[PDB]
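This document starts with two versions of one protein chain, written out as structure tokens and named structure 1 and structure 2.
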Structure 1
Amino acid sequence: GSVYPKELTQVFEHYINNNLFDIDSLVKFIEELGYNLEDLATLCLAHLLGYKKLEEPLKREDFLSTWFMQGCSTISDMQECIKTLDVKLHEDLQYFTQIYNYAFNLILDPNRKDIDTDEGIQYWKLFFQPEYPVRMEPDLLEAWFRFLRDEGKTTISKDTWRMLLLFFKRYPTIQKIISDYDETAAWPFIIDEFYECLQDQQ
């Protein structure tokens, strides 16, 4: 039929502001789930709930459909569902990648096509923590951030964002880039610039 479990509908109602599950709702929901906004697991949540844009409110039907399918009616249940996705974020490279690429689409401001470098950098700092499955030399990550700042790269395109994961797995160190990187491959042009910059600072 049509009625979701009362307990699930109470959860929705609890969070909404002036009839909408808005930005303030999602923040409170994350808080009550027991997370900080810095926690990558919050991206699994958004993805699980099918957010396309953070600016747009989450529809009731969408909120209810999603939890009904996870067998959740209570915060406790939802905590358990996210905890599980959080483990999968750390352990399953394919899932991490998907969530990584998804991050970009949410970071995008409305009406933009590239993300601002500062926002991008802030998110790269989250994704490249040693607990996560793509590990590289700290100096290399720092050199990348520094490059973007020093050379005036104020925006990051989807291609650059998506490709950087393969890049870092393929060359975990500055020296590996120096010794193996080929400019005539099909890397994003900004990655070619990064190589030249590193080549200079030898």
Structure 2
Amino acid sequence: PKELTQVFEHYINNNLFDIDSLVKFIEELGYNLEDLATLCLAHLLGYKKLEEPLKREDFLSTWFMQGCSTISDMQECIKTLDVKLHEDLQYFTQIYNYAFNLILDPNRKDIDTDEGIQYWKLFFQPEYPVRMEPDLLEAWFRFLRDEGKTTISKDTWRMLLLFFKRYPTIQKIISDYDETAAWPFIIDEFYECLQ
């Protein structure tokens, strides 16, 4: 499809579709790099880590798989993904987990709490599939910044989802949270932090 290879050729810098070209591309579609939709887009084109170059054959291949040929088609596609992120708990989970490695520095095994909280603010919004009292999410952040926890591991990360899914209220936690369970030690410290 000539349009596809024409679009890809539009946002290229020094013969590459690098990070600065992805930024200029999603913004034309109406988004920002920090948005959950970009996570959706990244995941579709099959990124492994955000700053890593996107191969032509990869771009031309995914876009054609969907049935897009215009920017207007691409924009239409992401909007569906972003909506799926709000209605399908499977996709939400699948993307939540996919996010860590993307955000994650290859020169590291953990992400900094700073960067994690940013994405948590978006992921756990009242509107989304994992509904919870905004007071709890505020709690977790308060605890993270006070006990001086500066980094978060993939395990903790993938486990906090399962956690908030079982417990949507600071109430329900104090009620039956069972500290003799697989919840990572970090969660227990949080649990002990409540009072």
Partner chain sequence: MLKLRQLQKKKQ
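Only residues modelled in both forms are compared. Sequence positions of structure 1, starting at 1, serve as the residue numbers. Heads up, when I say rigid core I mean the largest set of C-alphas that superpose within 1.5 Å between the two forms.
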_Form selected (criterion: the form solved without its partner chain)_ = 2
*Is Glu61 among the residues whose Cα moves by 2 Å or more between the two structures after superposition of the rigid core?*
no
*Answer yes if the CA of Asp150 moves 2 Å or more between the two structures after aligning the rigid core, and no otherwise.*
no
_Keeping the rigid core superposed, can you check how far the CA atom of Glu38 moves between the two structures, in angstrom?_
4.2
_For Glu193, CA displacement between the two structures after the core is overlaid, in Å_ = 0.9
*Provide the displacement, in Å, of the CA of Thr74 between the two structures, taking the core as the superposition reference.*
1.0
*asked:* For a quick check of understanding: after superposing on the core, name the runs of at least three residues, shared by both forms, whose CA atoms each shift 2 angstroms or more between the two structures.
replied: 36 to 39
